[PDB]
$ cat model17.pdb   # PDB, C-alpha atoms
MODEL        1
ATOM      1  CA  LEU Z 834    -128.685 164.650 -31.644  1.00  0.00           C
ATOM      2  CA  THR Z 835    -125.303 163.288 -30.527  1.00  0.00           C
ATOM      3  CA  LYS Z 836    -121.766 164.199 -31.538  1.00  0.00           C
ATOM      4  CA  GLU Z 837    -120.876 160.981 -33.363  1.00  0.00           C
ATOM      5  CA  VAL Z 838    -124.296 160.426 -34.938  1.00  0.00           C
ATOM      6  CA  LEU Z 839    -124.513 164.001 -36.195  1.00  0.00           C
ATOM      7  CA  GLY Z 840    -120.949 163.911 -37.499  1.00  0.00           C
ATOM      8  CA  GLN Z 841    -121.686 160.726 -39.419  1.00  0.00           C
ATOM      9  CA  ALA Z 842    -124.921 162.214 -40.744  1.00  0.00           C
ATOM     10  CA  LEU Z 843    -123.073 165.348 -41.869  1.00  0.00           C
ATOM     11  CA  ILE Z 844    -120.455 163.227 -43.643  1.00  0.00           C
ATOM     12  CA  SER Z 845    -123.306 161.222 -45.139  1.00  0.00           C
ATOM     13  CA  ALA Z 846    -124.979 164.382 -46.451  1.00  0.00           C
ATOM     14  CA  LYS Z 847    -121.690 165.558 -47.947  1.00  0.00           C
ATOM     15  CA  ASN Z 848    -121.280 162.199 -49.637  1.00  0.00           C
ATOM     16  CA  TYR Z 849    -124.937 162.396 -50.700  1.00  0.00           C
ATOM     17  CA  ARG Z 850    -124.351 165.677 -52.491  1.00  0.00           C
ATOM     18  CA  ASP Z 851    -121.139 164.388 -54.076  1.00  0.00           C
ATOM     19  CA  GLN Z 852    -122.837 161.184 -55.209  1.00  0.00           C
ATOM     20  CA  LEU Z 853    -125.687 163.320 -56.502  1.00  0.00           C
ATOM     21  CA  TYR Z 854    -123.270 165.326 -58.620  1.00  0.00           C
ATOM     22  CA  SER Z 855    -121.722 162.102 -59.915  1.00  0.00           C
ATOM     23  CA  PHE Z 856    -125.161 160.621 -60.644  1.00  0.00           C
ATOM     24  CA  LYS Z 857    -126.149 163.856 -62.364  1.00  0.00           C
ATOM     25  CA  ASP Z 858    -122.973 163.596 -64.434  1.00  0.00           C
ATOM     26  CA  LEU Z 859    -123.868 160.032 -65.395  1.00  0.00           C
ATOM     27  CA  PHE Z 860    -127.366 161.301 -66.184  1.00  0.00           C
ATOM     28  CA  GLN Z 861    -125.939 164.011 -68.406  1.00  0.00           C
ATOM     29  CA  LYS Z 862    -123.769 161.465 -70.165  1.00  0.00           C
ATOM     30  CA  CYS Z 863    -126.847 159.305 -70.764  1.00  0.00           C
ATOM     31  CA  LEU Z 864    -128.842 162.293 -72.027  1.00  0.00           C
ATOM     32  CA  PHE Z 865    -126.082 163.437 -74.366  1.00  0.00           C
ATOM     33  CA  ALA Z 866    -125.520 159.900 -75.628  1.00  0.00           C
ATOM     34  CA  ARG Z 867    -129.273 159.579 -76.180  1.00  0.00           C
ATOM     35  CA  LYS Z 868    -129.290 162.745 -78.270  1.00  0.00           C
ATOM     36  CA  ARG Z 869    -126.250 161.407 -80.092  1.00  0.00           C
ATOM     37  CA  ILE Z 870    -128.100 158.162 -80.816  1.00  0.00           C
ATOM     38  CA  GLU Z 871    -131.094 160.146 -82.046  1.00  0.00           C
ATOM     39  CA  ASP Z 872    -128.896 162.105 -84.432  1.00  0.00           C
ATOM     40  CA  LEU Z 873    -126.987 158.994 -85.426  1.00  0.00           C
ATOM     41  CA  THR Z 874    -130.107 157.007 -86.317  1.00  0.00           C
ATOM     42  CA  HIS Z 875    -131.696 159.806 -88.360  1.00  0.00           C
ATOM     43  CA  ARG Z 876    -128.342 160.415 -90.060  1.00  0.00           C
ATOM     44  CA  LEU Z 877    -127.781 156.685 -90.589  1.00  0.00           C
ATOM     45  CA  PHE Z 878    -131.139 156.321 -92.353  1.00  0.00           C
ATOM     46  CA  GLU Z 879    -130.300 159.366 -94.485  1.00  0.00           C
ATOM     47  CA  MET Z 880    -126.896 157.863 -95.185  1.00  0.00           C
ATOM     48  CA  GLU Z 881    -128.472 154.602 -96.298  1.00  0.00           C
ATOM     49  CA  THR Z 882    -130.610 156.624 -98.711  1.00  0.00           C
TER      50      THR Z 882
ATOM     51  CA  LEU V 834    -108.184 185.894 -39.944  1.00  0.00           C
ATOM     52  CA  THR V 835    -111.366 186.532 -37.934  1.00  0.00           C
ATOM     53  CA  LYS V 836    -114.243 184.241 -36.993  1.00  0.00           C
ATOM     54  CA  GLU V 837    -117.014 185.994 -38.930  1.00  0.00           C
ATOM     55  CA  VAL V 838    -114.777 186.478 -41.942  1.00  0.00           C
ATOM     56  CA  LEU V 839    -113.828 182.789 -41.883  1.00  0.00           C
ATOM     57  CA  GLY V 840    -117.484 181.784 -41.721  1.00  0.00           C
ATOM     58  CA  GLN V 841    -118.142 184.072 -44.668  1.00  0.00           C
ATOM     59  CA  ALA V 842    -115.148 182.606 -46.493  1.00  0.00           C
ATOM     60  CA  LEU V 843    -116.475 179.096 -45.933  1.00  0.00           C
ATOM     61  CA  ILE V 844    -119.825 180.190 -47.342  1.00  0.00           C
ATOM     62  CA  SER V 845    -117.985 181.871 -50.217  1.00  0.00           C
ATOM     63  CA  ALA V 846    -116.087 178.674 -51.011  1.00  0.00           C
ATOM     64  CA  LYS V 847    -119.315 176.698 -50.840  1.00  0.00           C
ATOM     65  CA  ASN V 848    -120.933 179.117 -53.275  1.00  0.00           C
ATOM     66  CA  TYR V 849    -117.766 178.911 -55.376  1.00  0.00           C
ATOM     67  CA  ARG V 850    -118.072 175.159 -55.696  1.00  0.00           C
ATOM     68  CA  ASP V 851    -121.796 175.382 -56.485  1.00  0.00           C
ATOM     69  CA  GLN V 852    -121.207 178.095 -59.089  1.00  0.00           C
ATOM     70  CA  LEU V 853    -118.451 175.876 -60.442  1.00  0.00           C
ATOM     71  CA  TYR V 854    -120.961 173.054 -60.800  1.00  0.00           C
ATOM     72  CA  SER V 855    -123.328 175.337 -62.689  1.00  0.00           C
ATOM     73  CA  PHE V 856    -120.428 176.561 -64.822  1.00  0.00           C
ATOM     74  CA  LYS V 857    -119.311 172.986 -65.525  1.00  0.00           C
ATOM     75  CA  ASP V 858    -122.808 172.068 -66.590  1.00  0.00           C
ATOM     76  CA  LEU V 859    -122.976 174.989 -68.989  1.00  0.00           C
ATOM     77  CA  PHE V 860    -119.439 174.154 -70.160  1.00  0.00           C
ATOM     78  CA  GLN V 861    -120.196 170.516 -70.885  1.00  0.00           C
ATOM     79  CA  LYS V 862    -123.174 171.585 -72.940  1.00  0.00           C
ATOM     80  CA  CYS V 863    -120.790 173.993 -74.677  1.00  0.00           C
ATOM     81  CA  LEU V 864    -118.175 171.266 -75.236  1.00  0.00           C
ATOM     82  CA  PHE V 865    -120.784 169.036 -76.815  1.00  0.00           C
ATOM     83  CA  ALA V 866    -122.067 171.990 -78.840  1.00  0.00           C
ATOM     84  CA  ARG V 867    -118.523 172.803 -79.986  1.00  0.00           C
ATOM     85  CA  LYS V 868    -118.147 169.237 -81.207  1.00  0.00           C
ATOM     86  CA  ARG V 869    -121.603 169.622 -82.735  1.00  0.00           C
ATOM     87  CA  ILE V 870    -120.432 172.727 -84.591  1.00  0.00           C
ATOM     88  CA  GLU V 871    -117.368 170.792 -85.695  1.00  0.00           C
ATOM     89  CA  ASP V 872    -119.615 168.047 -87.076  1.00  0.00           C
ATOM     90  CA  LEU V 873    -122.012 170.580 -88.607  1.00  0.00           C
ATOM     91  CA  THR V 874    -119.157 172.313 -90.397  1.00  0.00           C
ATOM     92  CA  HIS V 875    -117.859 168.911 -91.428  1.00  0.00           C
ATOM     93  CA  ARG V 876    -121.248 168.090 -92.900  1.00  0.00           C
ATOM     94  CA  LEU V 877    -121.458 171.522 -94.503  1.00  0.00           C
ATOM     95  CA  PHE V 878    -118.168 171.098 -96.361  1.00  0.00           C
ATOM     96  CA  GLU V 879    -119.292 167.604 -97.363  1.00  0.00           C
ATOM     97  CA  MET V 880    -122.617 168.952 -98.610  1.00  0.00           C
ATOM     98  CA  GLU V 881    -120.862 171.719-100.509  1.00  0.00           C
ATOM     99  CA  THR V 882    -118.687 169.007-102.064  1.00  0.00           C
TER     100      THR V 882
ENDMDL
END
$ encode --input "model17.pdb" --output "structure tokens"
Amino acid sequence: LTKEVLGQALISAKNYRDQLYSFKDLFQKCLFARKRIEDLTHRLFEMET
Amino acid sequence: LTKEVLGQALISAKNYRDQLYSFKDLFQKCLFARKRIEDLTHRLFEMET
């Protein structure tokens, strides 16, 4: 519980939350792209038919 | 410009950013859904054709 250590930990937590939002964003991109791929493969099979 | 008010304002800004994150999440779903509706209408004209 020291000034420098707690300041660094606070900065670390801020960066943790920011990185978490960025990781969540990447996660959302992966999810959306996955749903896109799902739709694209069903549609592509239909389109082959 | 008072201490308590500034603490409250900091909390307000924090809640603002969090609400913004929730709003962005809903918005990105909406963006994707808008493009979905675009594609669905595209498919619907095609299917009418």
$ residues_around --input "model17.pdb" --residues "segment 861-871 of chain V" --least-positions-apart "6" --cutoff "12 Å" --atoms "all atoms listed in the file" --output "list in words"
residues 858, 861, 862, 864, 865, 866, 868, 869 and 872 of chain Z; 853, 854, 855, 877 and 878 of chain V
$ write_last_selection --input "model17.pdb" --atoms "C-alpha atoms" --output "short mmCIF file (atom, residue, chain, number, x, y, z; two decimals), keeping the file's coordinate frame"
data_model
loop_
_atom_site.label_atom_id
_atom_site.label_comp_id
_atom_site.auth_asym_id
_atom_site.auth_seq_id
_atom_site.Cartn_x
_atom_site.Cartn_y
_atom_site.Cartn_z
CA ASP Z 858 -122.97 163.60 -64.43
CA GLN Z 861 -125.94 164.01 -68.41
CA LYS Z 862 -123.77 161.46 -70.17
CA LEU Z 864 -128.84 162.29 -72.03
CA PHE Z 865 -126.08 163.44 -74.37
CA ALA Z 866 -125.52 159.90 -75.63
CA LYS Z 868 -129.29 162.74 -78.27
CA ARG Z 869 -126.25 161.41 -80.09
CA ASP Z 872 -128.90 162.10 -84.43
CA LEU V 853 -118.45 175.88 -60.44
CA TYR V 854 -120.96 173.05 -60.80
CA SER V 855 -123.33 175.34 -62.69
CA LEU V 877 -121.46 171.52 -94.50
CA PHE V 878 -118.17 171.10 -96.36
#
$ atom_distance --input "model17.pdb" --atom1 "atom CA of residue 857 of chain Z" --atom2 "atom CA of residue 859 of chain V"
13.3 Å
$ atom_distance --input "model17.pdb" --atom1 "atom CA of residue 834 of chain V" --atom2 "atom CA of residue 846 of chain V"
15.4 Å
$ atom_distance --input "model17.pdb" --atom1 "atom CA of residue 850 of chain V" --atom2 "atom CA of residue 849 of chain Z"
15.3 Å
$ axis_aligned_box --input "model17.pdb" --around "segment 834-838 of chain V" --padding-each-side "3 Å" --output "lines of an AutoDock Vina configuration file"
center_x = -112.6
center_y = 185.4
center_z = -39.5
size_x = 14.8
size_y = 8.3
size_z = 10.9
$ build_atoms --input "model17.pdb" --residues "segment 841-855 of chain Z" --atoms "N, CA and C atoms" --output "CSV table (one decimal), keeping the file's coordinate frame"
chain,number,residue,atom,x,y,z
Z,841,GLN,N,-121.5,161.7,-38.4
Z,841,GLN,CA,-121.7,160.7,-39.4
Z,841,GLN,C,-122.8,161.2,-40.4
Z,842,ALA,N,-123.9,161.7,-39.9
Z,842,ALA,CA,-124.9,162.2,-40.7
Z,842,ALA,C,-124.4,163.4,-41.6
Z,843,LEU,N,-123.6,164.3,-41.1
Z,843,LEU,CA,-123.1,165.3,-41.9
Z,843,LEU,C,-122.2,164.8,-43.0
Z,844,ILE,N,-121.3,163.9,-42.6
Z,844,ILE,CA,-120.5,163.2,-43.6
Z,844,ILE,C,-121.3,162.6,-44.7
Z,845,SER,N,-122.4,161.9,-44.2
Z,845,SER,CA,-123.3,161.2,-45.1
Z,845,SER,C,-123.9,162.2,-46.1
Z,846,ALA,N,-124.4,163.4,-45.6
Z,846,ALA,CA,-125.0,164.4,-46.5
Z,846,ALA,C,-124.0,164.9,-47.5
Z,847,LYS,N,-122.7,165.1,-47.0
Z,847,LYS,CA,-121.7,165.6,-47.9
Z,847,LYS,C,-121.5,164.5,-49.0
Z,848,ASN,N,-121.4,163.3,-48.7
Z,848,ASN,CA,-121.3,162.2,-49.6
Z,848,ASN,C,-122.5,162.1,-50.5
Z,849,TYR,N,-123.7,162.4,-49.9
Z,849,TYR,CA,-124.9,162.4,-50.7
Z,849,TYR,C,-124.9,163.4,-51.8
Z,850,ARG,N,-124.4,164.6,-51.5
Z,850,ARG,CA,-124.4,165.7,-52.5
Z,850,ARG,C,-123.3,165.3,-53.5
Z,851,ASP,N,-122.2,164.8,-53.1
Z,851,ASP,CA,-121.1,164.4,-54.1
Z,851,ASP,C,-121.6,163.3,-55.0
Z,852,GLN,N,-122.3,162.3,-54.4
Z,852,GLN,CA,-122.8,161.2,-55.2
Z,852,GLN,C,-123.9,161.7,-56.1
Z,853,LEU,N,-124.7,162.7,-55.7
Z,853,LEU,CA,-125.7,163.3,-56.5
Z,853,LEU,C,-125.0,164.0,-57.7
Z,854,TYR,N,-123.9,164.7,-57.5
Z,854,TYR,CA,-123.3,165.3,-58.6
Z,854,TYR,C,-122.8,164.3,-59.6
Z,855,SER,N,-122.2,163.2,-59.0
Z,855,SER,CA,-121.7,162.1,-59.9
Z,855,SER,C,-122.9,161.5,-60.7
